[PDB]
Structures are given as C-alpha cells and as structure tokens.
Amino acid sequence: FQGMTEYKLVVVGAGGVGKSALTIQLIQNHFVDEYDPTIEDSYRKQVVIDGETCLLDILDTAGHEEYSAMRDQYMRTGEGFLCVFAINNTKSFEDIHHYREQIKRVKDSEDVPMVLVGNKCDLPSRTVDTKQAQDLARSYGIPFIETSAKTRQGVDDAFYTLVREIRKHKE
Ligand SMILES: Nc1nc2c(ncn2[C@@H]2O[C@H](COP(=O)(O)OP(=O)(O)NP(=O)(O)O)[C@@H](O)[C@H]2O)c(=O)[nH]1
Ligand SMILES: CCCN1CCN(C(=O)c2c[nH]cn2)C[C@H](Cc2ccc(-c3ccccc3)cc2)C1=O
Ligand SMILES: [Mg+2]
C-alpha cells in the first residue's frame, strides 16, 4: 500500500446543463447561481465509498466545443464519465447519444464506465420524463440518477455511483 486509490472522472454534456454547478456543490457545498461558461477546470476531493478511502480527480468540460485534438487527449485519460442533461431541455437529452459516441471513439471501447445524470429536477418546466431517461440508460446498460445542484439531491450519489461502476469494470 503506497496511498489511497485515485479515480479519474470526467463530466460531459451540453452547454448550461449544470456540469460546473454539480461539481462545485460536491467540492464546496455551494450553489453557483451565475452562468460562467467553462473551457476546462480540474478539482480533487478525498471521500470514503463502500469503506474504501479514495481520491476523486474531477475534470469539468466545455459544453460548446468544435472538434479539438486537445479535448480528445484529456478524455482519453478519463476512467469514467458523468453524461449530464437538464430535465427541462429536450435537446440536451438528444445530445447524450453524441457524448456517448465521442467517449467510445476516444477510448476505443464499447464498455466504458458511465452514469446518465438528469439535472435541474427542482424546476417546474420538465420536458424529459423519468421513464424515458431510465429506458435510455437501460439500453446502454448504465445507471440513471436524477439530481439538483440547487437542492443537492443526488449529487453525492452521482459521483459515488460512477466510482462503483469503475470498480466493477476493473475487477
Ligand atoms: N434551478 C437549477 N439551476 C441550475 C441547476 N444546475 C445548474 N443551474 C443553473 O444553470 C446555469 C448553468 O449552470 P452551469 O453549471 O454553469 O452549466 P455548465 O453545464 O457548467 N455550462 P458550460 O458547459 O458552458 O460550462 C447557472 O445559472 C446555474 O445556476 C439545478 O440543479 N437547478
Ligand atoms: C495542481 C494543479 C493541477 N490540478 C488542478 C486542480 N487541483 C488542485 O489541487 C489545485 C489547488 N489549487 C489549484 N489547483 C487538483 C487537480 C487534480 C486532477 C483532477 C483531474 C484529473 C483528470 C481527470 C480526468 C481526466 C484527466 C485528468 C487529474 C488531476 C490538479 O491536479
Ligand atoms: Mg461549466
């Protein structure tokens, strides 16, 4: 034993779905009301999951980005991916297929650890039903979790679930 296990997590999805708000709620216990578009930012947190101490290295990505060799390079180093849409934005849900294809291409694999995240569950303007998102996740063989970065519903669960998926794949 030379130190805690490290997990490299990448958060992807369309512009404005709440990738940064989810990550800042996890790290700082703070809700960000402002919309400041991301290029690329990285965070670390030590947590205990299923009795194992580990270090989460989290990469928060841009939601609007043309083809970039530099974006492919950091995605290749990711071990697992949170694929985020907003439950009030149907286009962000339709964009999930494109994120999943991008990940499979860069990792050269059909079997990459991933969790589908439906964020902004606190808002009254739902356009994507729970059953539709659950059906999509079942079709991919991955978990689905509903979150709110404002209330904190599901935030720890999304990240911890992704770690559990990475552990299953290693074993
Ligand atoms: N009501 C509510 N608002 C949210 C939630 N998550 C994010 N928001 C709001 O949505 C806006 C965009 O959030 P942000 O985290 O910056 O989105 P992003 O996916 O990181 N955008 P980008 O891809 O440009 O970096 C902000 O005004 C933020 O407060 C949520 O769960 N509920
Ligand atoms: C230290 C400077 C570089 N950073 C920036 C921020 N860090 C800091 O501690 C910090 C504190 N003050 C300012 N920065 C933690 C961060 C650790 C980290 C996160 C993510 C990844 C990753 C995940 C997926 C794919 C590829 C890579 C790999 C590593 C990091 O190493
Ligand atoms: Mg962001």
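Along each of its three principal axes, how wide is the spread of alpha-carbon positions in the stretch 114-161, in whole angstrom units, largest first?
Ordered largest first, the stretch 114-161 gives principal extents of 28, 26, 10 Å.
Report the one residue of 128, 67, 77 whose Cα lies farthest in the direction of the positive end of the charge dipole of the chain (charges on C-beta: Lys and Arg +1, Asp and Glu -1; origin at the Cα centre).
Projecting each Cα onto the dipole axis, the largest value belongs to 128.
Using R₀ = 22 Å, calculate the FRET efficiency as 1/(1 + (r/R₀)^6) where r is the Cβ-Cβ separation of residue 6 and residue 98; round to 0.05.
Calculated value: 0.15.
Work out, in µm²/s and without decimals, the Stokes-Einstein translational diffusion coefficient of the stretch 77-168 at 20 °C, 1.002 mPa s, Rh from Kirkwood over C-alpha pairs.
159 µm²/s
Restricting attention to the stretch 1-50, which chymotrypsin sites (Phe, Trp or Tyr not before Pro) occupy a DSSP loop and are surrounded by at most 16 other Cβ atoms within 10 Å?
Loop-located and lightly packed - 1, 31, 35.
When the dipole is taken about the Cα centre of the chain, and only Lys, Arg (+1) and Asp, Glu (-1) are charged at their Cβ, what size is it in debye, to the nearest 20?
Approximately 260 debye in magnitude.
Assuming a strict under-16 Å limit between Cα atoms, what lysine pair count do you get for the chain once near-sequence pairs (fewer than 8 apart, same chain) are dropped?
Summing the qualifying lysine pairs gives 11.
Please give the net charge around residue 47, taking every other residue with its beta carbon less than 13 angstrom from that of residue 47, where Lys and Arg add +1 and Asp and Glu add -1.
Net of charged neighbours comes to -3.
Note down the magnitude of the dipole of the stretch 63-143 about its Cα centre, charges +1 on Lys and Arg C-beta and -1 on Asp and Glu C-beta and zero elsewhere, to the nearest 20 debye.
140 debye
Please compute the length gained on full extension between residue 41 and residue 73, using 0.36 nm multiplied by the number of residues separating them and subtracting their Cα-Cα distance.
On the way: separation 32, 0.36 × 32 = 11.52 nm, distance 1.46 nm.
Result: 10.1 nm gained on full extension.
Do the sum for the chain: with -39,500 (n - 2.57) for every DSSP H run of n ≥ 4, divided by all residues, what is the mean residue ellipticity at 222 nm, to the nearest 500 deg cm²/dmol?
Calculated at 222 nm, the ellipticity per residue is -11000 deg cm²/dmol.
List the relative contact order of the chain as a percent without decimals, with contacts defined as Cα pairs under 8 Å and 6+ residues apart.
25 percent
Just to be sure I understand the curve: with the Debye formula and one point per C-alpha of the chain, what is log10 I(q)/I(0) at q = 0.10, 0.15, 0.16 Å⁻¹?
Computed log10 I(q)/I(0) values: -0.34, -0.81, -0.93.
Just for the chain, what percent of DSSP beta bridges are antiparallel, to the closest 5? All intermediate terms of the calculation are to be shown ahead of the outcome.
Details: 10 of 31 bridges.
Approximately 30 percent, going by the DSSP bridge assignments.
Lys and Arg at +1, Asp and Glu at -1: add these up for the other residues within a Cβ distance under 12 Å of residue 7 and post the number. The partial results should precede the final answer.
On the way: positive: 8, 44, 45, 164, 167, 170; negative: 6, 52, 57, 79, 165.
In short, +1.
FYI the Cβ positions are ideal-geometry reconstructions off the backbone, even for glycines, and counts take in every protein chain you see. The numbers here are math on the coordinates, done by the rules we state, and not lab data.
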